[PDB]
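So the protein sequences, as listed, match chains A and A'. A prime marks a further copy of an entry chain. If you count by PDB author numbering, then the first sequence holds residues 19 to 223, 227 to 291, one letter each, in order. If you count by PDB author numbering, then the second sequence holds residues 19 to 223, 227 to 291, one letter each, in order. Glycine included, C-beta positions come from ideal geometry on N, C-alpha and C.
Protein chains: 2
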Amino acid sequence: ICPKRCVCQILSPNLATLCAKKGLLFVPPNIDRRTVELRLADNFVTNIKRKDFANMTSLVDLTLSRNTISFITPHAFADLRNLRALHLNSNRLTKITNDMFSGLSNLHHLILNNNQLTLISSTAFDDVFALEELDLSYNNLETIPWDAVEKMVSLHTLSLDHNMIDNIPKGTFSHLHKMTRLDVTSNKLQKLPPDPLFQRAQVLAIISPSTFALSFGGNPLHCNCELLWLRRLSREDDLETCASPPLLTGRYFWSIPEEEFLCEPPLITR
Amino acid sequence: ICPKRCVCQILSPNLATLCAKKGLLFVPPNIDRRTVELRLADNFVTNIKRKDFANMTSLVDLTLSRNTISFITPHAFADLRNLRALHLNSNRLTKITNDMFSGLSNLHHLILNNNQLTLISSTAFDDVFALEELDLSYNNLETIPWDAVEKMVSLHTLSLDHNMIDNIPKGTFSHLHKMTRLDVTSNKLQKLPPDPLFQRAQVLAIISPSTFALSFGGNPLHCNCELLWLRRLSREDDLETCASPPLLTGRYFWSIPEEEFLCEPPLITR
Ligand SMILES: *[C@@H]1O[C@H](CO)[C@@H](O[C@@H]2O[C@H](CO)[C@@H](O)[C@H](O)[C@H]2NC(C)=O)[C@H](O)[C@H]1NC(C)=O
Ligand SMILES: *[C@@H]1O[C@H](CO)[C@@H](O[C@@H]2O[C@H](CO)[C@@H](O)[C@H](O)[C@H]2NC(C)=O)[C@H](O)[C@H]1NC(C)=O
């Protein structure tokens, strides 16, 4: 049942298959299909085939953390109907196809951090709409399918720090009431959309603790009146820095008074 | 002299310019050119220009660790004649041009780990021939200019783990007598060249400690008689794993007896 290297243990009624730190180069063939937890972390798997995780209906937690995974066969996660958590962090993934995460309705946690992700095809998140956590940190992403993200009502954590994200839609986080943490540090963002969740990121006074936590440091901010709503907020200085206008270039976001966040009236050239 | 954010300190006769964790987006303009140590680590610099480190002749240690650096202007390190240590780890670098590291004769330590390096043009290491440490770990490299490496006699540390290196020349490490550590873990190596330095990686008996330390785990080894020289060595099991022949696929490198490492005689087809 349990592969030679793996230490599969049994606790009624669940079956766990522990194959972490075993120097594996590929996913072991004879893993019991009625396994519930499967740890394949800290190995050297380079690619996944359909035959690996096929037929595993009872699987609820899969861990492929810290591998050399660069490609996974389309429809290899298709039969994981009861999977709730997937760890694909610290690999060599490049793209996110639609066939990759298909049928993962019960998926609540999806982790893709420390990968070299460049593109995420739309509708790739059209089956994981009911997740609660999404970690896409430390990637080469500049855009994500926000439309599929807007359909994630039960989402409470969105990790996006250390990417190259250009901008972010204004209509997002509208019905995402359960959101409690958003990290967009070290991205190439020019501005930020206003939202009541961000109003909930203050420390105010009785005294009150911040119930929402956002991070927007390390961004080429365009310090105009379109960010004035965020400057009016009362938050701790997180070393944020303006990049433009040239007069505000270099000075801290919180070191600049509200009367210096200005915009420019429209005029007609021809 | 010292930039607004930076904390430049003076100890006779050296001048250090400390600008770490200041939320910088670019290298500050007015850094004193007669600085000796310059810490720009933990910021958000995206690209380097010639005007940044130009004219800094007295600089002996430059630290650009953990930035968003993706491109550096050719001949931007040209005038760093007295530079001995360079830290470019944890960035977004892709390529290593010849103009990049030109004239760095006195460079003894070069660190490029945790970058997305794909290619290293030859002759890029034709000026750093007198270095002592080279960290190219955690990159997408498959080949490096070995010819330029062979001219590094005073080299004692070569970090190459977690890449995609295909193979490695047999004539290397010939005159590199000062070599004391080589890490080639998590690479796509099929085999390994024999070397007296590897004979110095044993624990033998009086009792003796290993004076050389090499690591070759996480590699698709081709367990034939061409690796039999390494199997005959007496070393600690580092979870190494064979990938071929198919009969030896999956079994540990050290769990296989020496009599099973076989090769195949030549025959003529036509
Ligand atoms: C997935 O499950 C099926 C059974 O549910 C496995 O067994 C058979 O697969 C062969 C294919 O060569 C079919 O001809 C049989 O009809 C299947 N059996 C039954 C009872 O339907 C199949 O091998 C499993 N596949 C993998 C990749 O594990
Ligand atoms: C590098 O050093 C030179 C001086 O060694 C700096 O000063 C002058 O640069 C201008 C260029 O517009 C020349 O016309 C002058 O002849 C230079 N002065 C001398 C005394 O030669 C130069 O600005 C420095 N460059 C940078 C980028 O810092």
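Short of 8 Å in beta carbon distance, which residues of its chain neighbour residue i, apart from the five on each side in sequence? Order them along the chain.
i, result
"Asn158(A')", "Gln134, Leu135, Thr136, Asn181, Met182"
"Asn109(A)", "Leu82, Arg84, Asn85, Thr86, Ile87, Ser88, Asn132, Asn133"
"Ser236(A')", "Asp179, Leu200, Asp201, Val202, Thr203, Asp259"
"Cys24(A)", "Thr35, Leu36, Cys37, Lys40, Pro46, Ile49"
"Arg102(A)", "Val78, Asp79, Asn124, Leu125, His126, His127"
"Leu29(A')", "none"
For residue i, tell me which candidate among the options has the shortest Cα-Cα distance.
i, options, result
"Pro212(A)", "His243(A), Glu247(A), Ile114(A), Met197(A)", "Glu247(A)"
"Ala59(A)", "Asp79(A), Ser172(A), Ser83(A), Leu42(A)", "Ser83(A)"
"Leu152(A)", "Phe274(A), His174(A), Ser140(A)", "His174(A)"
"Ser76(A')", "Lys67(A'), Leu98(A'), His93(A'), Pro92(A')", "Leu98(A')"
"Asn73(A)", "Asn100(A), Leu176(A), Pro230(A)", "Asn100(A)"
"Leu42(A)", "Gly238(A'), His195(A'), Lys169(A'), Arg57(A')", "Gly238(A')"
"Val78(A)", "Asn124(A), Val171(A), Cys263(A)", "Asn124(A)"
"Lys22(A)", "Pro267(A'), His93(A'), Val146(A'), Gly271(A')", "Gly271(A')"
"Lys169(A')", "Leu149(A'), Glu160(A'), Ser177(A'), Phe95(A')", "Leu149(A')"
"residue 225(A)", "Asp259(A), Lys113(A), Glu55(A)", "Structure remark: chain A lacks residues between 223 and 227, so residue 225(A) is without coordinates."
"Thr161(A)", "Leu207(A), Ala96(A), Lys196(A), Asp117(A)", "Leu207(A)"
"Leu242(A)", "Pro214(A), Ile277(A), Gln217(A), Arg218(A)", "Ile277(A)"
"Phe62(A)", "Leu288(A'), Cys263(A'), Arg102(A'), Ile19(A')", "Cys263(A')"
"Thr115(A)", "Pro214(A), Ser30(A), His93(A), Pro31(A)", "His93(A)"
"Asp117(A')", "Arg102(A'), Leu251(A'), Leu106(A'), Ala96(A')", "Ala96(A')"
"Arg57(A')", "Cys20(A'), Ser30(A'), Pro31(A')", "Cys20(A')"
"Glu257(A)", "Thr64(A), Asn107(A), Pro230(A)", "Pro230(A)"
"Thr64(A)", "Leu29(A), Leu111(A), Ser177(A)", "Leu111(A)"
Whose C-beta lies closer than 6 Å to the C-beta of residue i among residues of the same chain, with five residues either side of it excluded?
i, result
"residue 225(A)", "The model contains no atoms for residue 225(A), which sits in the stretch where chain A goes from 223 to 227 directly."
"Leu104(A')", "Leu80, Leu128"
"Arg199(A')", "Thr175, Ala234"
"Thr290(A')", "none"
"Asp179(A)", "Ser155, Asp201, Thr203, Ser204"
"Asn240(A)", "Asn205, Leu207"
"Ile228(A)", "none"
"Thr232(A)", "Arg218"
"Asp70(A)", "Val45"
"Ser192(A')", "none"
"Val54(A)", "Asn32, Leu33, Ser76, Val78"
"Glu261(A)", "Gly238, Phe274"
Mind reading off the beta-carbon distance from residue i to residue j? Whole number of angstroms is fine, and I expect it under 8 Å.
i, j, result
"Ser265(A)", "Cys244(A)", "7 Å"
"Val221(A)", "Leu194(A)", "Actually they are not in contact, since the Cβ atoms of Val221(A) and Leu194(A) sit about 22 Å apart, beyond 8 Å."
"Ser155(A)", "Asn185(A)", "Not a contact, Cβ separation roughly 18 Å."
"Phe274(A')", "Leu249(A')", "That pair is no contact at about 11 Å."
"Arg253(A)", "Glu279(A)", "6 Å"
Below 7 Å CB to CB, which residues in the same chain sit around residue i once its five sequence neighbours on both sides are set aside?
i, result
"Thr91(A)", "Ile66, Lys67, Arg68"
"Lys188(A')", "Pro211"
"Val146(A')", "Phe119, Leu122, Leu125, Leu128"
"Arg52(A)", "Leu33, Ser76"
"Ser255(A)", "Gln220, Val221, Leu222"
"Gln27(A')", "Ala34, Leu36"
Ligand 3 and residue i: does the residue's C-beta get closer than 7 Å to at least one heavy atom of that ligand?
i, result
"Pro46(A')", "Ligand 3 is not part of the structure shown, which contains ligand 1 and ligand 2 as its ligands."
Beta carbon shell of ligand 2 at less than 7 Å from a heavy atom: This criterion selects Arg51(A'), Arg68(A'), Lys69(A'), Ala72(A'), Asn73(A').
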